[PDB]
Amino acid sequence: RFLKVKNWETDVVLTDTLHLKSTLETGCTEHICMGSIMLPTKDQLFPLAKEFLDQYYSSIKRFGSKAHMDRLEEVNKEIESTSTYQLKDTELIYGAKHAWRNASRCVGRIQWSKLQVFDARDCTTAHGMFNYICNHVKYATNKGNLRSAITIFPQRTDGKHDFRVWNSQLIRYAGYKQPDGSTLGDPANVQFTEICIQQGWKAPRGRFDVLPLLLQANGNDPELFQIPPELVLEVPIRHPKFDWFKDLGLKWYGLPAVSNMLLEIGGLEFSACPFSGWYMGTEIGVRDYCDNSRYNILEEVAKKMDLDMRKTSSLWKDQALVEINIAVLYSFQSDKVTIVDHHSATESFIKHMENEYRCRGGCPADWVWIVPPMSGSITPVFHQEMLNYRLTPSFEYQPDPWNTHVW
Amino acid sequence: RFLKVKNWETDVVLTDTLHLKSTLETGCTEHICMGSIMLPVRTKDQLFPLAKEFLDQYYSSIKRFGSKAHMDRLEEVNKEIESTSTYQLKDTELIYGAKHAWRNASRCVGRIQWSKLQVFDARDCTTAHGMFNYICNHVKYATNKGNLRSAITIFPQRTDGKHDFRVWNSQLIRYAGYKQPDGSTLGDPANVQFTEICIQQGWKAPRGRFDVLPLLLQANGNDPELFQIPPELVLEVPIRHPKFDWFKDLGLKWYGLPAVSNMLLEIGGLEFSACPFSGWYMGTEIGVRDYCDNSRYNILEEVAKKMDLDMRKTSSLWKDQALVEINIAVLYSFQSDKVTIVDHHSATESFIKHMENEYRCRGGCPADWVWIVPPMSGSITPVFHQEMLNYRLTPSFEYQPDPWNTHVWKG
Ligand code: HEM
Ligand code: HEM
Ligand SMILES: C[C@H](O)[C@H](O)[C@H]1CNc2nc(N)[nH]c(=O)c2N1
Ligand SMILES: C[C@H](O)[C@H](O)[C@H]1CNc2nc(N)[nH]c(=O)c2N1
Ligand SMILES: CSCCCC(=N)NCCC[C@H](N)C(=O)O
Ligand SMILES: CSCCCC(=N)NCCC[C@H](N)C(=O)O
Ligand SMILES: [Zn+2]
């Protein structure tokens, strides 16, 4: 019931007590671990509101004070007559910071308390949504010196007046299925891209076409918008030693801004809540570029390095993978766009774990996601046992809007 | 209850029904996943169901479920248990058991080979010398001059827990570790503690970087005894690189035969506390973990110095760069010397095929993603993208405590 985690590289041992405050369910049982699966009323709202407000007032060292009790009554009265309630700005901000603090799949959490929260609960239309998004993109981009931010649209009511950003990220490249059979651009966005065309997007049909925004306010049908291009910072990808690298014609965007998740604070559901940080280099260089089902560039790159691709055992895939990731990091650095390499980010996360163990009694973390997708065992997180559990406030996955929205 | 697993690269969905036959616990609860935690004398009472289950399984595999021969063997095991408090496995059952423990080993990427396993029955063994002789034969048979063959040697089962056979070594062949007064380590830091015990038991340590450890063998609950494996039976491979002529001057070698000797084999409720088994290496075991772990040989710094990488900023990926060249060297060396080895691309591709076959023919393949995904280049191997279900089937290989922690010394 009190639990220990061991780092097998350093013998450091931490005791987890935070997991007992755990709430939601994991997918695992005592018979079966589901650790590697990607996706495993008024009467209901009040405990959830209480639980959240209890932790809020404890964090500002005002637990069981008049001001605590008063808020608890006030929120109860609001639920009884309105069926929902509204968060104070202070609670909104605390909730968002903590949803990030609790994201067990996020390696970047050492940063959790430096989060700029933009309160868009007064938003009513898609145009409004678009204005809030550009301002987010611009604020967060900051001419390359990226700053974490989240923009929070109004909460769910009856589930028929939902706010949603249909894109999976604010900024992503298009994907087109071709007559030849293969895919041009980003195969991960093929279906979303079709929807844009269907809604009227004039697609350029290139390899790196920044997608338009598809925004849904108050459960209305969604509308298309083009982010001003002067707002979309991109990095052409070159290599510090290989002059020929430029001719592969690779670029990526500087701002990763996940836009399809649901933020749950104190039982309330914010279905549109795009947030952004900055990239760890492997996200682009390993995953986006080398996933077989993404840009899948290993074959082309290895060809240019004149490696022996006859047998898997020459580790040609591995050699190329390294240089691709050297080139991503080098390019971002040379253009002064914030980026972090996987050594430095995992090292920071180990320091963060220690801090959370020491100040909070633990830190939920999903080893499967924390360990980078290259050079795993040479990063310290590989050797670190982690306990995964589900704390609230949280970010959660939610069904894609098109499978659900009624036109 | 059917369970689905998806490969996010191919969109192949599989359906697990096998997990329904699982008994043992995971360490996970509905509230906590312990999927990354490394380590999460029986009664007559508890033993017959365990026997029955196993024999029900054995007899189904041979298409003789419910046969007279099946019933008679149940009644015979039943009687033997009441009369003697334990029972003996027939040869066939032991072979089937050992193969299934491998088949059930959720952390093993090499399981496509599970049906080709040479089983050496060492249940007639009574002394440490007897153990040494069995072990020597296992090593020579498995090595087979570089054309490695899987094998396991099975020493007598636990009786009252006071008469255990144990191999105190963690692998049959492994290099000494030596902690120096100045705090550095010579040789493999992973074996310092076992090395000290050896020294204390009377081993004369050569005190070099790659000294093959002596075998430390416990028979019948007696104190263990030391034995040098004949060096002519220890196949080793000097490590060189196909293009970097300086690589050899690092002085690295490794042994060809990986043979885990510290695990416990459970079959039909019976506990075989000494059951060394061997396969062959996947390249990364040596070139990533054994050479490049900070708590192992830790050669990344020295290799990157010789390649002249930018070592001032971690974002040069100097570590990743050296890591690949080291692994190229390991594979090159083994292949050039004709010692079986498998790269992590080919081994993981094989596992995916095995796993798919196992779903079609068995209703599942329990698998531990944390261990199956290789320690370098994870996502460019198909297993990274494969959803897995981990659960515990018997027969099985279990962890057991280190014997120097439990052993009652006789003197
Ligand atoms: C500041 C720098 C940040 C870094 C370096 C970082 C890093 C990462 C990485 C590498 C992942 C795995 C994502 C993937 O492989 O697709 C991840 C996931 C995640 N991050 Fe962070 N992140 C940062 C900021 C943030 C912020 C500001 C938030 C929320 C306010 C956040 C919340 C999350 C969540 C919820 C996930 C899991 C999302 C999913 O399941 O796809 N991150 N992060
Ligand atoms: C034939 C070639 C084989 C290959 C390439 C192979 C590969 C591997 C690898 C890479 C691991 C993880 C090892 C580590 O990281 O320390 C492993 C674990 C394991 N293997 Fe296999 N293996 C093979 C044969 C066998 C055999 C013959 C057995 C038993 C009959 C076996 C049983 C196991 C078990 C029980 C584990 C988990 C051990 C632990 O938790 O420390 N393997 N295998
Ligand atoms: C099947 C497996 O869970 C899946 O591939 C996961 C593994 N780890 C991951 N880790 C990160 N950071 N991102 C991912 O998309 C994934 N995919
Ligand atoms: C903490 C973590 O579980 C531990 O480092 C594991 C991770 N994955 C592993 N995978 C393999 N194959 N072998 C190992 O020793 C480990 N170590
Ligand atoms: C906004 S999410 C965390 C913030 C910054 C980040 N680095 N992670 C985003 C996931 C991006 C995805 N892996 C990609 O490679 O585009
Ligand atoms: C005998 S166990 C499986 C058979 C062979 C194997 N490949 N795995 C053994 C573990 C070896 C360990 N990783 C090492 O680096 O020595
Ligand atoms: Zn689990």
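Excluded from the calculations below are hydrogen atoms, water molecules and symmetry mates; all remaining heavy atoms, backbone and side chain alike, are included. A note on names: the letters A, B, ... follow the listed sequences, proteins ahead of strands, and every chain is numbered from 1.
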Mind checking whether [X] and [Y] have side chains closer than 4.5 Å, heavy atoms only?
X	Y	answer
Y330(A)	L317(B)	no
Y132(A)	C123(A)	yes
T381(B)	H344(B)	yes
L215(A)	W166(A)	no
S375(A)	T282(A)	no
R105(A)	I370(A)	no
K304(A)	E300(A)	no
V117(A)	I152(A)	yes

For [X], all residues meeting salt bridge (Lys or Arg N to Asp or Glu O under 4.0 Å), sequence neighbours excluded:
X	result
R390(A)	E396(A)
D119(A)	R121(A)
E91(A)	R71(A)
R156(A)	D162(A), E269(A)

Between [X] and [Y] (side chain of the first, backbone of the second, donor and acceptor by atom type, cut-off under 3.5 Å), is there such a pair?
X	Y	value
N167(A)	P212(A)	yes
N7(B)	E9(B)	yes
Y295(A)	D186(A)	yes
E387(B)	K6(B)	yes
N142(A)	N145(A)	yes
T346(A)	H343(A)	yes
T338(A)	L146(A)	yes
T125(A)	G128(A)	yes
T193(A)	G175(A)	yes
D366(A)	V368(A)	yes

Any idea which heavy atoms bring [X] and [Y] closest together, and the distance?
X	Y	result
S331(A)	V235(A)	CB-CG1, 3.5 Å
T151(A)	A120(A)	CG2-CB, 3.7 Å
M386(A)	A365(A)	CB-O, 3.5 Å
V301(A)	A320(A)	CG1-CB, 4.2 Å
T124(A)	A217(A)	O-CB, 3.8 Å
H405(A)	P222(A)	NE2-CD, 4.2 Å

Decide side-chain hydrogen bond (donor to acceptor under 3.5 Å, both in side chains) for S315(B) and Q333(A); before the verdict, give the C-alpha distance in whole Å, the side-chain angles of both, and the deciding distance to 0.1 Å.
CA-CA 10 Å; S315(B) 76; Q333(A) 289 174 164; 2.9 Å; yes
Tell me, with the steps shown, if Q155(A) and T84(A) meet side-chain hydrogen bond (donor to acceptor under 3.5 Å, both in side chains).
CA-CA 10 Å; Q155(A) 73 214 39; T84(A) 181; 3.0 Å; yes
Test side chain to side chain contact (heavy atoms under 4.5 Å, CB included) on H385(B) and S379(B); report intermediate values, then the result.
CA-CA 7 Å; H385(B) 298 275; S379(B) 69; 4.0 Å; yes
Are there more than 12 heavy atoms of other residues, nucleotides or ligands under 6.0 Å from atom CZ of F2(B)?
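No, the 6.0 Å shell around CZ holds no more than 12 heavy atoms from other groups.
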Could you check whether atom CD of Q199(A) has more than 12 heavy atoms from other residues, nucleotides or ligands sitting under 6.0 Å from it?
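For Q199(A), atom CD is crowded (more than 12 foreign heavy atoms under 6.0 Å).
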For residues 106-116 of chain A, please give each side-chain donor-acceptor pair under 3.5 Å, one per line with the distance, not counting sequence neighbours.
residue : atom : partner : partner atom : Å
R109(A) : NE   : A103(A) : O            : 2.8
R109(A) : NE   : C106(A) : O            : 2.8
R109(A) : NH1  : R101(A) : O            : 3.1
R109(A) : NH1  : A103(A) : O            : 3.2
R109(A) : NH1  : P364(A) : O            : 2.8
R109(A) : NH2  : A103(A) : O            : 3.2
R109(A) : NH2  : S104(A) : O            : 3.4
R109(A) : NH2  : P364(A) : O            : 2.8
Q116(A) : NE2  : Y139(A) : OH           : 3.4

Are side-chain N/O atoms of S394(A) and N102(A) paired as donor and acceptor at under 3.5 Å?
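Their side chains do not contain a donor-acceptor pair, so the 3.5 Å distance test is not met.
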Do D341(A) and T314(B) get their side chains close enough for a donor-acceptor pair, meaning under 3.5 Å?
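Side-chain D/A pair, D341(A) to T314(B): present.
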Validation row, ring centre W367(A) to ring centre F382(A) under 6.0 Å
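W367(A) vs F382(A): aromatic centres under 6.0 Å.
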May I ask you to check whether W252(A) and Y289(A) place their ring centers less than 6.0 Å from one another?
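Aromatic pair counts; centres sit under 6.0 Å.
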Please set out all donor-acceptor pairs under 3.5 angstrom arising from side-chain atoms of residues 243-251 of chain A, sequence neighbours excluded.
none

Plane angle bin for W201(A) and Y176(A) - parallel if under 30°, tilted between 30 and 60°, otherwise perpendicular
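If you compare the ring of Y176(A) with that of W201(A), the planes turn out parallel.
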Parallel, tilted or perpendicular: ring planes of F275(A) versus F395(A), cut at 30 and 60 degrees
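Aromatic pair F275(A)/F395(A) classed tilted.
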Quick one: do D335(A) and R238(A) make a salt bridge, cutoff under 4.0 Å?
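Salt bridge flag = yes for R238(A) with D335(A).
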Check the pair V210(A), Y253(A) against side chain to side chain contact (heavy atoms under 4.5 Å, CB included), reporting the backbone distance first and the verdict last.
CA-CA 9 Å; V210(A) 171; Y253(A) 51 96; over 6 Å; no
